[PDB]
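Chemist: I'd like to ask you about the structure that follows.
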C-alpha cells in the first residue's frame, strides 16, 4: 500500500539514493519534485503527496559517521526528496550501542513520518549485513520497529556477506544480525555478492566498478517488486498477498533472487521460465527442494501462451519440490513500465523459498563455529566487552541459527508435519 | 443465365459502405472501444485500489 523506505549505513544510503534516482528516471518526475506532463500511474506507494502536485518521496535518511552522505547531498536529486529527515562504526556491538544512545531522536523522526502518513503497510530496510555502520545499528533499529509497530510488515533488501573475506569479525556480526532478522522480520531478500560479481564480469570485463552496477541491479529488483503496485495490475498489489505464498512458517522467510536479462546495464515465456530456473540467472551462488515458487514478469507477453507454457513447464518436469505440502509454480504477470525506455523488453524475476540457501547458511555457521572455538578472530574488543561482559548473545544467536538449520533440513525431509 | 447482374450492381455496392461507416461512427465519435475497457476495470474488478477497498469493507458486515 503505502511504504516508507528506511536507509542506514553508508552503503545503505548509497543504494537508497540509487533507488530514488532510479524512480526519478522511471516515473515522470523532475529532480526538483515537479510533476511532469506525462506522469496515469499510482504514485502513493513511496511518494508522499505534497502540496503543489509534488510527489515528494517517503524516505528517512539516517547516517552513522557520514562520508558518502556528503556526496549524496552533492547532487540535484537531493532536492527531489528529503522532507526534513536529516540527522547527524565497523563492529556490530559498536553500531548497536551507538544506535542505543540516540534511539529517541531517530524514533521521533520515525514517529513524525508515522503520524504524517494516512496509512502504512511495510518497512523497507536497505543496508548491508556485517557492513560496519549498517550492522548492529540495523539490528537495534529493527528491534525498535517490530517492538513499536507490530501492525506492519518488514521486508529487508539486504546482501549477505559472501565475498570470501582483513576483517575477520564479520561472521559474528552477520550471525547477530541474522538472529534479529529471523525473529524480528517477516521477509528477507537475500543475494550473493559473488554471483552478482560473476555476472557483472560475464557481461563486460569490469574489475573495480562492480559495486555501481550491483546498485543498479538492486534498484531494478526493488522497483520490479512494486511495479504491479505503482502501475495498475490485479494481484499482489498488497505486499502481504505476495509474501504469504512463499513462506510456509515464519522461520523460513528467505527468498532466492534471479533476473533473466543478464546484460541489462520477443522470446517465448516457457524459455525464460526455464532460463530463470538456472543458477546462472539466480543471484545466489545433498538434494535440496523448493518450498514454493512464484515468478514475476513484465514485458512483451502473449496473453494465451501462459497456459501453453505453464503446461510445458509442468510436463517438462524440471523442478523437484517438497513432499508434505501442495505448492505450485505460480505465474504472475505485471505491466512493463512506461515513461522509461523499453529496452531488453522481456524482463522476469523469481522469488522462491529454496532449501539451497541452508547450505550457504551452514557455510557461514561452520566459519563462525571455527573462528569462535579458535578464539583468535573476535579478539575481545572493548565495544564487544561493554556490550556484553559474558558474550552469551553470540551463543543465543548460535542456538537460533542451529534451530534454523535443523528446521531447514527437516523441511527438506518429508517429515516436517511434526516440528524440528 | 437469368440473374440480377446490373440491378444488384448499384445495390451491393451500397450495403457494405453503409455497414462499415455505421460501425466506424460508434468508435471514432462515441468511444465505444473505451466503454469496454471501462466496464472491465469495475465489473471484472481488474483495477487495484477498488476491489481491495470494496470487498474489505463489505465483508466486515456479514
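Chains as they are written, first to last, in PDB author numbering: chain Z, 3 to 41, 45 to 93, 101 to 177, 180 to 279, 287 to 306, 313 to 447; chain L, 1474 to 1535.
The C-beta atom is built at its ideal place from N, Cα and C for all residues, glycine as well.
Evaluate residue 1498/L with the Cβ neighbour count: other Cβ atoms within 10 Å of its Cβ, from every protein chain shown; 16 or more gives buried, anything less gives exposed.
Modeler: What you label residue 1498/L is simply residue 25 of the second chain in a count that begins at 1. Around the beta carbon of residue 1498/L, fewer than 16 other beta carbons sit within 10 angstroms, so the residue counts as exposed.
Chemist: Which bits of chain Z does residue 1519/L rub up against, with CB to CB less than 7 Å?
Modeler: In the second chain, counting from the first residue as 1, residue 1519/L sits at position 46. Here the neighbours are 248.
Chemist: Residues of chain L with a CB under 8 Å from the CB of residue 252/Z: which are they?
Modeler: Numbered from its first residue, the first chain carries residue 252/Z at position 238. Correct list: 1525.
Chemist: According to DSSP, which residues form a beta bridge with residue 134/Z?
Modeler: As a working note, residue 134/Z is residue 122 in the first chain. Partner(s): 5/Z, 165/Z.
Chemist: Based on the DSSP output, what are the partners of residue 206/Z in its beta bridges?
Modeler: Here residue 206/Z refers to the residue found at position 192 when the first chain is read from its first residue. Partner(s): 172/Z.
Chemist: Out of curiosity, what's the CA-to-CA distance linking residue 1537/L and residue 1523/L?
Modeler: Since the first residue of chain L shown is 1474 and the last is 1535, residue 1537/L is not available in this structure.
Chemist: Distance check for residue 1521/L and residue 360/Z, CA to CA, integer angstroms please.
Modeler: Along the first chain, read from residue 1 onward, the residue named residue 360/Z stands at position 333. Along the second chain, read from residue 1 onward, the residue named residue 1521/L stands at position 48. Straight-line Cα distance between these residues: approximately 14 Å.
Chemist: Cα separation between residue 190/Z and residue 214/Z?
Modeler: Position 176 of the first chain, counting from 1, holds the residue named residue 190/Z. Position 200 of the first chain, counting from 1, holds the residue named residue 214/Z. Rounded to whole angstroms, residue 190/Z to residue 214/Z spans 30 Å at the Cα level.
Chemist: Can you find the residues in the same chain that come closer than 7 Å, C-beta to C-beta, to residue 247/Z, ignoring five residues on each side of it along the sequence?
Modeler: For this step, residue 247/Z is matched to residue 233 along the first chain. Here the set comprises 361, 362.
Chemist: Could you tell me whether the region 218-226 of chain Z touches the region 146-162 of chain Z, where touching means 3 or more Cβ pairs closer than 8 Å?
Modeler: no
Chemist: Look up residue 1499/L in the DSSP assignment and say whether it is helix, strand or coil.
Modeler: Here the question's residue 1499/L lines up with position 26 in the second chain. Reduced to three states, the DSSP call for residue 1499/L is helix.
Chemist: Note down the Cα distance separating residue 1517/L from residue 434/Z, rounded to an integer number of angstroms.
Modeler: What you label residue 1517/L is simply residue 44 of the second chain in a count that begins at 1. What you label residue 434/Z is simply residue 407 of the first chain in a count that begins at 1. Their Cα atoms are separated by approximately 42 Å.
Chemist: Candidates 243/Z, 28/Z, 47/Z, 5/Z: which alpha carbon is nearest residue 168/Z's?
Modeler: As a first step, residue 168/Z is located in the first chain; it is residue number 156 there, counting from the start. Residue 168/Z has its Cα closest to that of 5/Z, out of 243/Z, 28/Z, 47/Z, 5/Z.
Chemist: Where are the beta strand (DSSP E) runs, 3 residues long or more, that stay fully inside the region 327-398 of chain Z, in chain order?
Modeler: 356-361, 374-381
Chemist: Which two residues bound the contiguous beta strand (DSSP E) that contains residue 319/Z?
Modeler: Counted from its first residue, the first chain places residue 319/Z at position 292. Element bounds for residue 319/Z: 317-325.
Chemist: Suppose contacts are defined by Cβ-Cβ distances below 8 Å. Is residue 268/Z in contact with residue 204/Z by that definition?
Modeler: In the first chain, residue 268/Z corresponds to position 254, counting from 1. In the first chain, residue 204/Z corresponds to position 190, counting from 1. Result yes, Cβ atoms of residue 268/Z and residue 204/Z sit closer than 8 Å.
Chemist: CB-CB under 7 Å to residue 1483/L, same chain, minus the five flanking residues each way: which ones, in chain order?
Modeler: Here residue 1483/L refers to the residue found at position 10 when the second chain is read from its first residue. Excluding residues within five positions, none has a Cβ falling inside 7 Å.
Chemist: Measuring only the C-alpha atoms, how far is residue 323/Z from residue 371/Z?
Modeler: Residue 323/Z sits at position 296 when you count from the first residue of the first chain. Residue 371/Z sits at position 344 when you count from the first residue of the first chain. Each residue's alpha carbon lies about 15 Å from the other.
Chemist: Note down, in chain order, each residue of its chain lying with its Cβ closer than 8 Å to the Cβ of residue 91/Z, except the 5 sequence neighbours on either side.
Modeler: Numbered from its first residue, the first chain carries residue 91/Z at position 86. Cβ neighbours of residue 91/Z beyond the five flanking positions: 66.
Chemist: Residue 236/Z by DSSP, collapsed to three states: which one?
Modeler: Against the first chain, residue 236/Z aligns to sequence position 222. Residue state, collapsed to three classes: helix.
Chemist: Residue 121/Z: which of 342/Z, 8/Z, 431/Z sits nearest, CA to CA?
Modeler: Locating residue 121/Z in the first chain gives position 109, counting from the first residue. Among 342/Z, 8/Z, 431/Z, the Cα nearest to that of residue 121/Z is on 8/Z.
Chemist: Under the three-state reduction of DSSP, which class applies to residue 1535/L: helix, strand or coil?
Modeler: The residue labelled residue 1535/L in the question sits at position 62 within the second chain. Residue 1535/L falls in the coil class under three-state DSSP.
Chemist: Please name the residue or residues paired with residue 65/Z in a DSSP beta bridge.
Modeler: Stepping through the first chain from its first residue, residue 65/Z is reached at position 60. 8/Z.
Chemist: Helix, strand or coil for residue 1488/L, going by three-state DSSP, please let me know.
Modeler: On the second chain, position 15 is the one that residue 1488/L refers to. Residue 1488/L: helix per DSSP, three-state reduction.
Chemist: Whose C-alpha, out of 291/Z, 241/Z, 348/Z, is nearest the C-alpha of residue 335/Z?
Modeler: Position 308 of the first chain, counted from the first residue, corresponds to residue 335/Z. The shortest C-alpha separation from residue 335/Z is found at 291/Z.
Chemist: Leaving aside the five residues before and after residue 47/Z along the sequence, list all residues of the same chain whose C-beta is less than 6 Å from its C-beta, in chain order.
Modeler: Position 42 of the first chain holds residue 47/Z. These residues qualify, in order along the chain: 244.
Chemist: Strictly under 8 Å for the Cβ-Cβ distance: is residue 427/Z near chain A by that measure?
Modeler: Given the protein chain composition of this structure (Z and L), no chain A is represented.
Chemist: The beta strand (DSSP E) spanning residue 272/Z covers which residue range?
Modeler: The sequence position of residue 272/Z within the first chain is 258, counting from 1. 268-273 is the span of the beta strand (DSSP E), which, as asked, contains residue 272/Z.
Chemist: For the candidate residues 31/Z, 39/Z, 50/Z, whose alpha-carbon lies nearest to that of residue 251/Z?
Modeler: Counting from one through the first chain, the residue named residue 251/Z turns up at place 237. The candidate whose alpha carbon is nearest that of residue 251/Z is 50/Z.
Chemist: Would you say the region 124-138 of chain Z touches the region 8-24 of chain Z, given that touching needs at least three Cβ pairs under 8 Å?
Modeler: yes
Chemist: In this structure, does DSSP put residue 52/Z in helix, strand or coil?
Modeler: Numbered from 1 along the first chain, position 47 holds the residue referred to as residue 52/Z. Residue 52/Z falls in the strand class under three-state DSSP.
Chemist: Since residue 60/Z sits in a beta bridge, which residues does DSSP pair it with?
Modeler: Start at 1 with the first residue of the first chain, and residue 60/Z comes out as number 55. Partner(s): 54/Z.
Chemist: Would you be able to state if there are at least three C-beta pairs under 8 Å between the region 52-59 of chain Z and the region 103-113 of chain Z?
Modeler: Too few Cβ pairs lie closer than 8 Å, so no.
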